[PDB]
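Structure record follows, encoded as structure tokens.
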There are 6 protein chains.
Amino acid sequence: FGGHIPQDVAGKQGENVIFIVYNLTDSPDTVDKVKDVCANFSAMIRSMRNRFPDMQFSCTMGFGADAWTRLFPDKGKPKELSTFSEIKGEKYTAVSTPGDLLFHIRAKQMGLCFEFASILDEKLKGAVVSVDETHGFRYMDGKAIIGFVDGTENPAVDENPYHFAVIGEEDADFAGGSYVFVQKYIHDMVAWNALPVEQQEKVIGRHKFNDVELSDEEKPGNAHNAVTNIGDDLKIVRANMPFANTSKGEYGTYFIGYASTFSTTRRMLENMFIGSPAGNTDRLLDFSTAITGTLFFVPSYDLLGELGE
Amino acid sequence: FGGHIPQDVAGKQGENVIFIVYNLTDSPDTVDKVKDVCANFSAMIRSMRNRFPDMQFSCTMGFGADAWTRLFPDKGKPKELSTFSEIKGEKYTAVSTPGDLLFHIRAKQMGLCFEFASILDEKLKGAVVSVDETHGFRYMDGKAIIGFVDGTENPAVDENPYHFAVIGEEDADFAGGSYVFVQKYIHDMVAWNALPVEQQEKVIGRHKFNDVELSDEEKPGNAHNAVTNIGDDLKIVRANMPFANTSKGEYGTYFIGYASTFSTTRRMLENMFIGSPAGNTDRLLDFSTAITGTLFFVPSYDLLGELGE
Amino acid sequence: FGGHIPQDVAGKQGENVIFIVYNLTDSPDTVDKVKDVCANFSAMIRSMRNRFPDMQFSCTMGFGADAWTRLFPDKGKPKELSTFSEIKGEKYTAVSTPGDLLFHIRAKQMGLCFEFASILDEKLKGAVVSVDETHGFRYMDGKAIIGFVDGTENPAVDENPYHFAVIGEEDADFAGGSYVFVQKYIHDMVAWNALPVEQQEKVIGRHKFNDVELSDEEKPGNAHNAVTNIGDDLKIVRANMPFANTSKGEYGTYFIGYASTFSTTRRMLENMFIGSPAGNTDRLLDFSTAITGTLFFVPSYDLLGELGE
Amino acid sequence: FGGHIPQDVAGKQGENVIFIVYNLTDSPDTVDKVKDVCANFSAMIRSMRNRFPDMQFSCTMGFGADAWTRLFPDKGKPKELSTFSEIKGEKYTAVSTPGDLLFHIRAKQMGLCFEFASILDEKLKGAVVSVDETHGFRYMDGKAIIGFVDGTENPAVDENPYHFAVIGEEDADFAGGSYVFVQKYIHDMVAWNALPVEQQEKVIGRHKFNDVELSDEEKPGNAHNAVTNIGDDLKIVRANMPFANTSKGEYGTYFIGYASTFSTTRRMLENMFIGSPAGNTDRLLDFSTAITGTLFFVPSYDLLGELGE
Amino acid sequence: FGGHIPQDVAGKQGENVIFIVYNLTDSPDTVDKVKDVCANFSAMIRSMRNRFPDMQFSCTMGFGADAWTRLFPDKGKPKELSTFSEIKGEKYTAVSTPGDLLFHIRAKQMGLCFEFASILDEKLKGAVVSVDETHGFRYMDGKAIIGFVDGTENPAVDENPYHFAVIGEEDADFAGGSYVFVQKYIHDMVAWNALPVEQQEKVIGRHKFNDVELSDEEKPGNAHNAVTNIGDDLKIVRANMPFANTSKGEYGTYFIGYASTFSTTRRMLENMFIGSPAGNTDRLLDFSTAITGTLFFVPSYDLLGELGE
Amino acid sequence: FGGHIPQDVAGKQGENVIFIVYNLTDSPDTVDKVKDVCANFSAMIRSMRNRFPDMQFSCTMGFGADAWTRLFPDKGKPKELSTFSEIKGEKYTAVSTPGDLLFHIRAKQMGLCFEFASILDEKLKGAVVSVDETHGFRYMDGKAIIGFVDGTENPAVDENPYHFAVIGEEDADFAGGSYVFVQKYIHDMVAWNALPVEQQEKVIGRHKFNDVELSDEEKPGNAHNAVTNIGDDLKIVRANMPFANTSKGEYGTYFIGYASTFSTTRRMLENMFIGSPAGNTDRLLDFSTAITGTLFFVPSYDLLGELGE
Ligand SMILES: [Cl-]
Ligand SMILES: [Cl-]
Ligand SMILES: [Cl-]
Ligand SMILES: [Cl-]
Ligand SMILES: [Cl-]
Ligand SMILES: [Cl-]
Ligand SMILES: [Cl-]
Ligand SMILES: [Cl-]
Ligand SMILES: [Cl-]
Ligand SMILES: [Cl-]
Ligand SMILES: [Cl-]
Ligand SMILES: [Cl-]
Ligand SMILES: [Cl-]
Ligand SMILES: [Cl-]
Ligand SMILES: [Cl-]
Ligand SMILES: [Cl-]
Ligand SMILES: [Cl-]
Ligand SMILES: [Cl-]
Ligand code: NA
Ligand code: NA
Ligand code: NA
Ligand code: NA
Ligand code: NA
Ligand code: NA
């Protein structure tokens, strides 16, 4: 990665997570306050890890396409950093919604995520407004909120997740960076829970209990893991973090996918929402509605430091 | 307690917490669905503790005053179970707000709280509407969100917390039960953080770093721990659980206090909001606004089972 | 329990377990060697717990009916300590098989169970021959090897498991003791795994994923949890510990049930193997074959010490 | 114990330990400062346990015989609280050395012991002078510094350690209290390490590897565990905590023994230093030299509170 | 390693272990079923590590010499992959016994090893028969079952264990692979335990308590660690995992050694069984009998994937 | 580092620590005994890590300037290995005090540090005399004993600590080595504790509660973190480990700093004790007195092995 250290874009999914999306304000301190956070970001992480070395603390910081150009007009721009274009299928739509800054905060204890987030609040006071804050949690043995283990397909063991999450020499000025895409999905849990397990397995493409992938013969072409694994060893590093307000019957998945090239993520989204071939849409979308969709660029630590100067 | 096993009303504060307050609906299944939960409540707890014996899982279930009489007209009524009467001081008000059912869910992992809460959602579908759901977290070494350790005054070590949290033979028909009072407080963190530590210590009545109580000579009469410790060995078992949406600058404390007699809690509230003497109000209320206030009765497990029959 | 301390008969199920059943030999040292173990049993447990206070070490020791009378002719005999009589149904049989001594060894690490067992081997050299040794393990979140959580029905939370596991003043000379019954079951995993989950749930009587008991309307009368919960608040404390040699396709459950009265266990077995009414047998027996069955008496520590004198 | 809650006198041995012995000064604040600590002692423990609920924090506080009478002339005196009288054998002497206050501080982390001790330092400033401070540590699986597991003989499993550590109705005014005796031993490690293991086992009376007690036939009458187990079910609760400055070749054991009656401890000491019969001294004293010896009274929490009034 | 990722051949020894050796059957599905496992092996590991990231799950898969040629006739063959030739000394024999597939499964919980093994059973049904299954456990602080710490000599700290366990460019077509040799040893524990510790130390070549290597002057030339450390910085990565059925008096060590070149392992075996010089055999073989001996090739993950195509 | 593996000079700070400084004696075994430790050092570490893989055991070994030349006259000498020259300011002095060997021992349990240290004592018997032994502990969330988090400035996250701690090709014969400097500081805790928090923050240069660095506008030029961060990306890897004997009112910090070049450490010391500009001394020195100061060279493991030949 040209000797550039990436942010934690190939990290495992935390036990506790905070996703914050901010929009910038037009205040006369906005650029400076954002740059203060850029300058001090790795120090804030150092502080947490020094204080709580066993709590697996991590935070990543990303920038929206318009925000990047506003904040950093002379820094160039990653080749694929452009506002996400809505993908509208015959039935489902991957919406494109606002967001200038993304913070993805993970730790073994929620109190540490809060601590970091509170300092961001203080440092960015007047410079930002909240677009979304979602709190997530690890559910059992890495299950998505629909009760199936998620993440087994992430590159690991015989592949290096950094290879798939981090920009390389194909865009050398931004090597060590990453393209991260987020979507909030709201589930129809009543309809999902009405499906027998065997039908749920056909929707997902893996066995519910033991997480073993369905055989080609058993796996339908519109299974979630069939359509989202686009092939040709093109992969991203994904979470699907549960969030919920059960008292209101609200159950969701916060999708976050880090990629060396956004083209992979976008192809996955095309396969899901349009279908390959057209109409062969992700069956899981019959139970899941995308209500946000935003692309951010996550710079290498080296670049982040330069941004803060 | 007349041989009655209490719910977990003298438990320590969890690492992760969900507070849910429901109102009952007028559906023709409402009483039956609530009774199903009553009947199966200890089984649901058994399941969690059997599956995750090291995760310190706990849930308590309580009933509002009006709800109790609606649901269980022939079961009698605890002597102090009456709708909380708002306490209006010259400056501050402890508001009285709605709530028919309370669930207080605690565990070492938020995913387990979610699991339990999702089953409550399913079992109570159509019988309830959400009044409030708040998610809390343990912050560092048991700090309240204002950065001071909280809970050291809870009866422990040389006193038995059950003695102070659980109804005894003074109301024998409900021995083993508890009166629980909840309040959501929203903090003015900007004003709080502007105070030097030494002034913050005078507001709280303990040292910030080492949690040592201020000496009588140093402790003001309007310190939080001066006014809320009402004396005569009358005590309750309290949490003040942090909650926050930092992206919106929202910082709060979810107060929950379990008592053998609500008269103690009410006297504490009088001391805080009216002052003893009048005007000697809790200085912490200059930085904290109560936005909910509700009393619930938490029956013994024995009684809970009878309620579900 | 007449002031008698029971052995660990209401303990939770260990992470690692060793079940050993010995027969006595006719050697001229047999009684003395057994008495040496009786005399030193609580010391051996003290040693383990002193050395490894966080490893949840436990061992229980029990005696077969014939063995008890051979070893201890003048100590009287528990009222229900008689060789188990085989229960033969129209289709299934709960066999009665040999065993003079039972050791049930549990800990957070298998190495500690081994340590204790090796010392028993040394102390009993020449006095015993192995009838069976089975090693078990906790499987996920307390699942039985058939993939369903087991043990949720064990008395806990609003009931005291000692009340159900320990002999009381109804047999005062043996108060603090327990009746323990063991059975090895071999499963037909191929047939079991061929069942859809919804049919598996009807066999067990609980939901597979969330361990919620089936409703009366949904639960068949021959479900495992219907037939084994005999009613009238008559209960025992059970494990169903997984064991396996997967390379040979061997999958089993080692049943062990501690009871204040063996009559409860025997009634449960009648319900399973004969049926109540006759023919209403445990559906789980269509997938599980009992290959051992033995009753042992587990004395209080006080009595155990006397036995060793 | 007359309804009196004892201090942690039957606690297990901590991972990290601080033993502090203070003498009182003649300052005109000495009694008041000591009483401040008495009054606030259980609060200081509450604070630690509230902040660090999983760190097994404990502290006990005891008073020397002369100090008790100086500080509390009108509180009466425990029947056996008298300055320890040196026990001089033909070869070895159990010395009697000064000490007015004892603090025995234990936790899973040394930093917590330090925290508590620093607050004691602050509260007692000018009122005390240090007689001894020793820091100890748990060594492997509860080994004493001579490489043998220690503490297995402590009452546990089939006996209640409080019964042996806590004063009962035989001295009702002080029920809930305890007699604690401390000795620092310095070892001749070079001589000890020169002994073959089999001879070391004869000195101790247990096997080195597996902690199994030697048989009567194998155990010499002067073995440490033979002479210190005085019989007739008279027992105390002991630690022998390792301490060392290896750079100076200094290896020691800090003995601390809590007893319901000091007469048991004193009889043990007679057996060790004089011998029963005379000359049958503890063989371990051939490798261990007592350099301190002091008796303290550890009051119940109830009494401690009264002392602080 | 030519850019090839090795299997976990330099892993530490698990807390719980399963060793399975299978023979292939002559069924018309055998090759395909084995290839299915090859193709899905890294996915099965990904699943376990995704679900249980803190449980240190690992599995390695190896092939016997004859099996390799049967299954993969056109893949070439590692230079040293040939059926192990029995080493017969004047007194002891390192036997050569059957085995086509080896699975070495390790984790912090035995239930996870079982899970993985059960899926192998299902996937290989009809294609294999069990030759041996042995379950092992970590014993105390990494002790072998003879009570001495084992594994300290494994390359680590100032050497890289992969260098010694993994084939390099000397056999480039198989770089990233490993030669693994397994032997089951049965111990004469009665004879071993009859040896004084000082003689046991001379058999092993290290001190029993502190694991310090004997000095050259003290260490006999036939000590286990003298004869098995062949010199010239030629090393392998070894376990000696305890296994036992104590009820039958059966105590064993399951030897498993991973090597970049089998020539090192074979030289070690020559030193042990024949002696260097002849007759200078491993003294530990006077207490240990080899009852199996088989060589397997453990391919890199890259190659394993190709094998499964 | 020329392919040389460094000792643990960029390790995190242990939970428990032992610092030992020895002087050599003039005995006729001194060189040989030191060389025995050199030869066996990595083996001793291997043993600890093999036995206790989860206890984060570490030890580093360093040599004083005079000692190096005495022991190893023909090995050359690191370019900056010269006896530390006392730095005397107008008010404060960084003293230079004796020491020939340094051992820095860290682990999650103090018993493991003791174990290692005891073996060093045995191996070095007669060859050394103790200059200092200090025991340290981690205090809360990595706080120095003055109650502020320390170590956040250590290179990490976006920098590699080895780059700053380890000698590179600028001194190729010693690449992989490190310069370590130790100082014992004694604090005036009474004066420190009398400072309001806001003044303490000005002395340190960070906020006490949240460890956030003071802004340039708020941070005085004589703040500890201003003067010790010398700039130009010149950094060392530091601990400031707490030690104390609270009973004597003794509170200290054991400074230890590992550096690729001692010139950085020395410049830091100049800034602290003399001031840059002169007189702009570290304000923390108004509360901290240096009582030792010694430089040691910590060789790579490769070189250490050669030294032991
Ligand atoms: Cl931590
Ligand atoms: Cl710019
Ligand atoms: Cl797009
Ligand atoms: Cl758990
Ligand atoms: Cl009613
Ligand atoms: Cl009211
Ligand atoms: Cl332990
Ligand atoms: Cl008898
Ligand atoms: Cl029967
Ligand atoms: Cl804790
Ligand atoms: Cl008095
Ligand atoms: Cl005396
Ligand atoms: Cl895990
Ligand atoms: Cl082929
Ligand atoms: Cl060969
Ligand atoms: Cl460990
Ligand atoms: Cl030299
Ligand atoms: Cl210098
Ligand atoms: Na501005
Ligand atoms: Na209805
Ligand atoms: Na005999
Ligand atoms: Na005074
Ligand atoms: Na076929
Ligand atoms: Na010499």
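In the structure tokens, the first chain shown is A, the next is B, and so on; residue numbers restart at 1 for each chain, and ligands run from 1 in the order shown.
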Determine, counting only C-alpha atoms, which protein, DNA and RNA residues have an atom within 8 Å of an atom of residue E:8; residues of the same chain fewer than 3 positions away are not included. Present the result as a ChimeraX atom specification. /E:11,58-60
Export of prior selection with N, CA and C atoms as a PDB file, in the first residue's frame:
ATOM      1  N   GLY E  11       1.129 -23.828  15.050  1.00  0.00           N
ATOM      2  CA  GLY E  11       0.256 -23.413  16.111  1.00  0.00           C
ATOM      3  C   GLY E  11       0.693 -23.943  17.478  1.00  0.00           C
ATOM      4  N   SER E  58      -8.601 -24.284  15.437  1.00  0.00           N
ATOM      5  CA  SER E  58      -7.711 -24.664  14.376  1.00  0.00           C
ATOM      6  C   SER E  58      -7.954 -26.128  13.955  1.00  0.00           C
ATOM      7  N   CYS E  59      -7.761 -26.414  12.668  1.00  0.00           N
ATOM      8  CA  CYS E  59      -7.753 -27.762  12.156  1.00  0.00           C
ATOM      9  C   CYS E  59      -6.723 -27.843  11.047  1.00  0.00           C
ATOM     10  N   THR E  60      -5.959 -28.917  11.042  1.00  0.00           N
ATOM     11  CA  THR E  60      -5.084 -29.229   9.919  1.00  0.00           C
ATOM     12  C   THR E  60      -5.513 -30.557   9.306  1.00  0.00           C
TER      13      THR E  60
END
Dump the neighbourhood of ligand 24 as a PyMOL selection string: all residues within 12 Å, distances computed on only C-alpha atoms and all ligand atoms. chain F and resi 26-35+126-127
Could you list, with a cut-off of 10 Å and counting only C-alpha atoms, the residues of chain D near chain F, each shown with its nearest atom pair and the distance in Å rounded to one decimal, rows sorted by chain and ascending number, as a tab-separated table?
residue	atom	partner	partner_atom	distance
D:15	CA	F:109	CA	7.9
D:16	CA	F:110	CA	7.9
D:18	CA	F:245	CA	9.7
D:19	CA	F:247	CA	9.8
D:20	CA	F:247	CA	6.8
D:21	CA	F:247	CA	8.2
D:22	CA	F:247	CA	7.6
D:108	CA	F:109	CA	9.3
D:109	CA	F:15	CA	7.9
D:110	CA	F:137	CA	6.2
D:111	CA	F:139	CA	4.6
D:112	CA	F:139	CA	7.5
D:113	CA	F:139	CA	9.9
D:114	CA	F:246	CA	7.6
D:115	CA	F:139	CA	8.3
D:116	CA	F:246	CA	9.8
D:117	CA	F:246	CA	6.3
D:118	CA	F:246	CA	5.6
D:119	CA	F:246	CA	8.9
D:120	CA	F:246	CA	8.4
D:121	CA	F:246	CA	6.0
D:122	CA	F:249	CA	8.6
D:124	CA	F:247	CA	9.5
D:125	CA	F:249	CA	8.7
D:128	CA	F:247	CA	8.6
D:129	CA	F:248	CA	7.3
D:130	CA	F:247	CA	5.4
D:131	CA	F:247	CA	8.5
D:132	CA	F:247	CA	7.9
D:133	CA	F:247	CA	6.6
D:134	CA	F:245	CA	8.8
D:135	CA	F:245	CA	9.2
D:136	CA	F:110	CA	8.9
D:137	CA	F:111	CA	6.0
D:138	CA	F:111	CA	6.0
D:139	CA	F:111	CA	4.6
D:140	CA	F:111	CA	6.4
D:141	CA	F:111	CA	9.9
D:143	CA	F:111	CA	9.8
D:145	CA	F:111	CA	9.7
D:190	CA	F:122	CA	9.0
D:242	CA	F:111	CA	8.9
D:243	CA	F:114	CA	9.1
D:244	CA	F:114	CA	7.7
D:245	CA	F:133	CA	7.1
D:246	CA	F:118	CA	5.6
D:247	CA	F:130	CA	5.4
D:248	CA	F:130	CA	5.8
D:249	CA	F:121	CA	6.7
D:250	CA	F:118	CA	9.7
D:251	CA	F:118	CA	9.2
Residue contacts of residue C:303 (9 Å, only C-alpha atoms) excluding same-chain residues fewer than 3 positions away, as a count of residues only: 9
Show me which residues sit within 9 Å of ligand 3 when counting only C-alpha atoms and all ligand atoms, and put them as a list in words.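 Going residue by residue within 9 Å of ligand 3, we get residues 80, 81, 82, 83, 84, 85, 86, 87, 96, 262, 263, 266 and 295 of chain A.
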Can I get the selected residues back with N, CA, C and O atoms, as a JSON list (two decimals), in the first residue's frame?
[["chain", "number", "residue", "atom", "x", "y", "z"],
["A", 80, "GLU", "N", -12.73, 6.49, -7.51],
["A", 80, "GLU", "CA", -14.13, 6.04, -7.44],
["A", 80, "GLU", "C", -14.97, 6.79, -6.39],
["A", 80, "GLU", "O", -16.10, 6.39, -6.09],
["A", 81, "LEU", "N", -14.43, 7.88, -5.82],
["A", 81, "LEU", "CA", -15.18, 8.65, -4.84],
["A", 81, "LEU", "C", -16.13, 9.63, -5.52],
["A", 81, "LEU", "O", -15.73, 10.73, -5.96],
["A", 82, "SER", "N", -17.34, 9.15, -5.72],
["A", 82, "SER", "CA", -18.42, 9.94, -6.30],
["A", 82, "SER", "C", -19.71, 9.57, -5.58],
["A", 82, "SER", "O", -19.87, 8.43, -5.14],
["A", 83, "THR", "N", -20.61, 10.54, -5.44],
["A", 83, "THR", "CA", -21.86, 10.28, -4.74],
["A", 83, "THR", "C", -22.54, 9.03, -5.32],
["A", 83, "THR", "O", -22.71, 8.90, -6.53],
["A", 84, "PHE", "N", -22.95, 8.14, -4.43],
["A", 84, "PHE", "CA", -23.61, 6.91, -4.84],
["A", 84, "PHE", "C", -24.84, 7.22, -5.65],
["A", 84, "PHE", "O", -25.63, 8.09, -5.29],
["A", 85, "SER", "N", -24.97, 6.56, -6.79],
["A", 85, "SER", "CA", -26.14, 6.71, -7.65],
["A", 85, "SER", "C", -27.16, 5.64, -7.31],
["A", 85, "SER", "O", -26.87, 4.46, -7.36],
["A", 86, "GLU", "N", -28.35, 6.05, -6.93],
["A", 86, "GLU", "CA", -29.41, 5.13, -6.57],
["A", 86, "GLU", "C", -29.56, 4.00, -7.61],
["A", 86, "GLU", "O", -29.50, 4.24, -8.83],
["A", 87, "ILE", "N", -29.73, 2.77, -7.12],
["A", 87, "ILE", "CA", -29.97, 1.61, -7.99],
["A", 87, "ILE", "C", -31.41, 1.19, -7.85],
["A", 87, "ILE", "O", -31.84, 0.70, -6.81],
["A", 96, "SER", "N", -29.96, 6.35, -2.24],
["A", 96, "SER", "CA", -28.78, 7.12, -1.98],
["A", 96, "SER", "C", -29.17, 8.29, -1.09],
["A", 96, "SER", "O", -30.01, 9.12, -1.48],
["A", 262, "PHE", "N", -14.78, 0.40, -4.97],
["A", 262, "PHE", "CA", -16.21, 0.48, -4.81],
["A", 262, "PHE", "C", -16.98, -0.25, -5.94],
["A", 262, "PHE", "O", -18.09, -0.68, -5.74],
["A", 263, "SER", "N", -16.31, -0.45, -7.08],
["A", 263, "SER", "CA", -16.92, -1.18, -8.21],
["A", 263, "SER", "C", -17.39, -2.58, -7.79],
["A", 263, "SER", "O", -18.39, -3.07, -8.29],
["A", 266, "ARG", "N", -20.56, -2.05, -5.75],
["A", 266, "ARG", "CA", -21.63, -1.62, -6.62],
["A", 266, "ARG", "C", -22.15, -2.78, -7.47],
["A", 266, "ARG", "O", -23.35, -2.93, -7.64],
["A", 295, "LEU", "N", -21.82, 6.37, 0.34],
["A", 295, "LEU", "CA", -20.41, 6.03, 0.15],
["A", 295, "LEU", "C", -19.49, 7.03, 0.87],
["A", 295, "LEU", "O", -19.68, 8.25, 0.77]]
As a list in words, please: every protein or nucleic acid residue near ligand 13 (cut-off 7 Å, counting only C-alpha atoms and all ligand atoms).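 Every residue with an atom at most 7 Å from ligand 13 is listed here: residues 51, 52, 53, 54 and 55 of chain E.
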Please identify every polymer residue within 7 Å of ligand 11, using only C-alpha atoms and all ligand atoms, and present the set as a PyMOL selection string. chain D and resi 71-75
DSSP strand (DSSP E) selection over stretch 110-300 of chain F, as JSON, numbers by chain: {"F": [128, 129, 130, 131, 132, 133, 134, 135, 136, 137, 178, 179, 180, 181, 182, 183, 184, 185, 186, 187, 237, 238, 239, 240, 241, 242, 243, 244, 245, 250, 251, 252, 253, 254, 255, 256, 257, 258, 259, 288, 289, 290, 294, 295, 296, 297, 298]}
Just want the 6 Å neighbourhood of stretch 153-161 of chain B, counted on only C-alpha atoms, with same-chain residues fewer than 4 positions away dropped. Output as a list in words.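 In the requested format, the answer is residues 10 and 237 of chain B; 301 of chain D.
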Which of stretch 23-159 of chain D DSSP labels helix (DSSP H, G or I), written as a PyMOL selection string: chain D and resi 30-51+65-71+110-123
Expressed in Å, the length from atom CA of residue A:227 to atom CA of residue A:89 is 14.5 Å
